[PDB]
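In PDB author numbering, the protein residues as written are 26 to 425.
Built from N, CA and C at the ideal position, the CB exists for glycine as well.
The next block holds one structure in the form of C-alpha cells; read it before the comments.
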Ligand SMILES: [Ca+2]
Ligand SMILES: [Ca+2]
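Here it is, written out as C-alpha cells:
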C-alpha cells in the first residue's frame, strides 16, 4: 500500500525525535524545522520512542585505514522497541563513503549488539565491511536495503536470535578481501542463534551468494523471497572468485533443518537452491527456479536419520538433482511438467521493479502462471500453505 501520507510511516510512538542530515546541537529535534543530528537522537532515545529521519542521504566520513561503524548497543523492550525510520514512507540512505578498492576488517555499517530495534525505510551503502552485522536479538528490519558494501549486506551471527527481516533488499555487495568469494546478500549463518526469519526479501547481484546459511545448526525460515543473478562479475576483477548460488541453504556438514517456501531463484551462476553439504533435511515447498547453472542442487550426503522434504516445486530451463529426499508433486517427478507457456512472463527485468513505499513487493507477471496451465490446482495440500481453488498451484505463485 501507499503510506506516504503517514508522517511516522505506520509507527505508533509516544515521542518523536526529528532528525535530518544537517541536524545539529542548536536544535532540540522538536520538528523538521529544528532537526537534531542522528548521534544526538541516538543518545536520547528510549524504548518505545522513534528517531524519525527526514528522507535523504546521511553521509558518514571516510578515513583511509579506519572504521566508521555506527554501533547500536542500546536496547528496546518487548512491546516497546526503539524505532528508527524514514518519514512519510520515504528513504533514508546511510552512506559510509568507502572507496571501491578499500575495506576495513569489522568496519560494519550498522553494528547491532542491542535488542528490540525496529528499522524501517533505511538503507546502508559503502560500508567498509558488512552493511549490517547483527549479534543482538528481537530486532526487525522492515523495508530496508543493504547494497554496494565491502562484505555481506546483512549478516546475523554470534548469538543473534529471533531477528526478522521483512520486505528488504540486499544487492551488489562484493568483498575485495577474498575477490568476491565472501560477500552475500543476506547471511544468517555460523554462530547465529535460533528464530531468524526472512519474508518478502530480494537478494541479487552479490558477488558470492544471495542468501547464505553456512555452518549453522539453527533453523532459518525464508518465505516469499527472491535470489537472482548472484555470482556475476560486475567489478572488473580479473581474479573473481564468487560462487554464485541463490539460496545457499547450509554448509560444513552442519545439521540445519531450514524451511523455504514460495520463493524464487533465477539466473544464478551456480545453484538456485543449494544444499551446500547441509547434513540435515531441508524443507522446500512451493518454489520456482529458472535458468540457473543448476535449479535445485541437493546431491550430497546427509546424516543418517535426515531426509529433505520437497513438494509443489517448479524447475524450468536447467537441471534438478534432489537426492536423500521425500519428494513428490514437483515438476520433475509426479507433478505436471513445466514449460515456457505455463508462465505469463519470463521477462527477468521485472524482478527489480520498485516495491510500494510501504515495502510490498511489486505485483508483476514474472513467473506467474498462465490461465491455461496444468500447474493450477495440481499441488498437495501442505500444512500452512495458502491457496485458492481446490489445491495449491505448483510453484511460488498462486494464480489469483
Ligand atoms: Ca557466501
Ligand atoms: Ca489453486
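- request: Sort 350, 337, 388 and 345 by Cα distance to residue 402 and report the nearest one.
  value: Mapped onto the chain shown, residue 402 falls at position 377. Among 350, 337, 388 and 345, the Cα nearest to that of residue 402 is on 337.
- prompt: Can you list the alpha helix (DSSP H) stretches of 4 or more residues lying completely in the region 119-166, in chain order?
  reply: none
- prompt: For ligand 1, which residues count as neighbours when the test is a C-beta closer than 5 angstroms to any heavy atom?
  reply: 209, 233, 234 and 237
Status (buried if at least 16 other CB within 10 Å, exposed otherwise) for residue 362: Here the question's residue 362 lines up with position 337 in the chain shown. Exposed is the call here.
message: Assuming contact is defined by CB atoms lying nearer than 7 angstroms, are residue 205 and residue 123 in contact in what I supplied?
response: Here the question's residue 205 lines up with position 180 in the chain shown. Here the question's residue 123 lines up with position 98 in the chain shown. Their beta carbons are not under 7 angstroms apart, which means residue 205 does not touch residue 123 by this criterion.
- prompt: Going by the C-beta, is residue 409 closer than 6 angstroms to any heavy atom of ligand 2?
  reply: Counting from one through the chain shown, the residue named residue 409 turns up at place 384. Not under cutoff, so the answer is no.
query: Using DSSP with H/G/I as helix, E/B as strand and the rest coil, what is residue 314?
result: The count along the chain shown starts at 1 and reaches residue 314 at position 289. Residue 314 falls in the strand class under three-state DSSP.
- request: Check the DSSP bridge columns for residue 30 and list the partner residues they point to.
  value: Position 5 of the chain shown, counting from 1, holds the residue named residue 30. Its beta-bridge partners do not exist; DSSP assigns none.
query: If you scan the region 49-131 from start to end, which runs of the beta strand (DSSP E) of 3 or more residues do you find wholly inside it?
result: 75-78, 81-84, 95-97, 107-111 and 117-120
message: Could you pull the DSSP bridge partners for residue 333 from this structure?
response: Against the chain shown, residue 333 aligns to sequence position 308. Looking at the DSSP assignment, residue 333 forms a beta bridge with 350.
query: Is the region 121-139 close to the region 193-210, with three or more CB pairs under 8 angstroms?
result: yes
- request: Let me know if residue 130 comes out buried or exposed under the rule of 16 or more other beta-carbons within 10 Å of its beta-carbon.
  value: Against the chain shown, residue 130 aligns to sequence position 105. Residue 130 should be labelled exposed.
query: Hey, is residue 358 close to ligand 4, as in C-beta under 6 angstroms from one of its heavy atoms?
result: This structure lacks ligand 4; the ligands present are ligand 1 and ligand 2.
Straight-line Cα distance separating residue 82 from residue 48: Counted from its first residue, the chain shown places residue 48 at position 23. Counted from its first residue, the chain shown places residue 82 at position 57. C-alpha separation (whole angstroms): 12 angstroms.
CA-to-CA distance, residue 107 to residue 412, given in whole angstroms: The residue you call residue 412 lines up with position 387 of the chain shown. The residue you call residue 107 lines up with position 82 of the chain shown. When rounded, the distance between both Cα atoms is 36 angstroms.
field: Exposure label - residue 40; buried when at least 16 CB within 10 Å
entry: By one-based count along the chain shown, residue 40 stands at place 15. Burial call: exposed.
query: Alpha carbon to alpha carbon, what distance is there between residue 90 and residue 287?
result: Start at 1 with the first residue of the chain shown, and residue 287 comes out as number 262. Start at 1 with the first residue of the chain shown, and residue 90 comes out as number 65. Rounded to the nearest angstrom, the two C-alpha atoms are 43 angstroms apart.
- prompt: What span of residues does the beta strand (DSSP E) with residue 251 cover, start to end?
  reply: Residue mapping note: residue 251 aligns to position 226 of the chain shown, counting from 1. Segment 251-253, the beta strand (DSSP E) holding residue 251.
- request: Examine ligand 2 and report whether any of its heavy atoms sits within less than 6 angstroms of the Cβ of residue 413.
  value: The sequence position of residue 413 within the chain shown is 388, counting from 1. Because some heavy atom of ligand 2 lies under 6 angstroms away, the Cβ of residue 413 counts as near it: yes.
- request: Could you tell me how far apart the beta carbons of residue 142 and residue 109 are, in whole angstroms, since I believe they sit closer than 8 angstroms?
  value: The residue labelled residue 142 in the question sits at position 117 within the chain shown. The residue labelled residue 109 in the question sits at position 84 within the chain shown. About 7 angstroms; that satisfies the 8 angstroms criterion.
task: Enumerate in chain order the residues of its own chain whose CB-to-CB distance from residue 138 is below 6 angstroms, with the five nearest sequence positions on each side excluded.
output: Residue 138 sits at position 113 when you count from the first residue of the chain shown. 98, 160 and 161.
query: Whole-angstrom Cβ separation of residue 211 and residue 179, contact assumed at under 8 angstroms?
result: Counted from its first residue, the chain shown places residue 211 at position 186. Counted from its first residue, the chain shown places residue 179 at position 154. Correct: roughly 5 angstroms between the Cβ atoms.
- prompt: Are the beta-carbon atoms of residue 252 and residue 232 separated by less than 7 angstroms?
  reply: By one-based count along the chain shown, residue 252 stands at place 227. By one-based count along the chain shown, residue 232 stands at place 207. Taking 7 angstroms as the Cβ cut-off, residue 252 and residue 232 do not qualify as a contacting pair.
- prompt: If we ignore side chains and look at the alpha-carbon of each, how far apart do residue 408 and residue 417 end up?
  reply: Taking the chain shown and counting its residues from 1, one reaches residue 408 at position 383. Taking the chain shown and counting its residues from 1, one reaches residue 417 at position 392. So the alpha carbons of these two residues sit roughly 11 angstroms apart.
task: Using a threshold of 7 angstroms, state whether the C-beta atoms of residue 96 and residue 136 are closer than that.
output: Numbered from its first residue, the chain shown carries residue 96 at position 71. Numbered from its first residue, the chain shown carries residue 136 at position 111. Closer than 7 angstroms, so yes.
message: Output needed for residue 446: all residues of its chain with C-beta closer than 8 angstroms, excluding positions within five of it in sequence on either side, in chain order.
response: Lying outside 26 to 425, the shown extent of the chain, residue 446 is not represented and no answer is given.
query: What residue from 116, 269, 323 and 296 has the CA that sits closest to residue 305's CA?
result: Here residue 305 refers to the residue found at position 280 when the chain shown is read from its first residue. Per the Cα distances, 323.
task: Quick one: grab the DSSP three-state call for residue 389.
output: What you label residue 389 is simply residue 364 of the chain shown in a count that begins at 1. Residue 389: coil per DSSP, three-state reduction.
- prompt: Can you tell which of 246, 214 and 256 has the C-alpha that lies nearest to the C-alpha of residue 238?
  reply: As a working note, residue 238 is residue 213 in the chain shown. Considering only alpha carbons, the answer is 214.
message: Taking 6 angstroms as the cut-off, is the beta-carbon of residue 402 closer than that to any non-hydrogen atom of ligand 2?
response: Counted from its first residue, the chain shown places residue 402 at position 377. Yes - ligand 2 has a heavy atom lying nearer than 6 angstroms to the Cβ of residue 402.
query: On the premise that residue 116 lies in contact with residue 86, defined as a C-beta separation below 8 angstroms, what is that separation, rounded to the nearest angstrom?
result: Working through the chain shown from its first residue, we reach residue 86 at position 61. Working through the chain shown from its first residue, we reach residue 116 at position 91. The pair is not a contact, with the Cβ atoms about 21 angstroms apart (cut-off 8 angstroms).
message: Short of 8 angstroms in beta carbon distance, which residues of its chain neighbour residue 74, apart from the five on each side in sequence? Order them along the chain.
response: Taking the chain shown and counting its residues from 1, one reaches residue 74 at position 49. So the list reads 38, 39, 40, 41, 42, 107 and 108, once near-sequence residues are dropped.
task: Grab the span of the beta strand (DSSP E) containing residue 340 for me, first residue to last.
output: Counting from one through the chain shown, the residue named residue 340 turns up at place 315. First-last of the beta strand (DSSP E) with residue 340: 339-341.
message: With H, G and I counted as helix, E and B as strand and the rest as coil, what does DSSP make of residue 179?
response: Taking the chain shown and counting its residues from 1, the one referred to as residue 179 is at position 154. Residue 179: strand per DSSP, three-state reduction.
message: Can you check which of these residues, 78, 53 and 226, is closest to residue 69 by C-alpha distance?
response: Numbered from its first residue, the chain shown carries residue 69 at position 44. Residue 53 is the option with its Cα nearest to residue 69.
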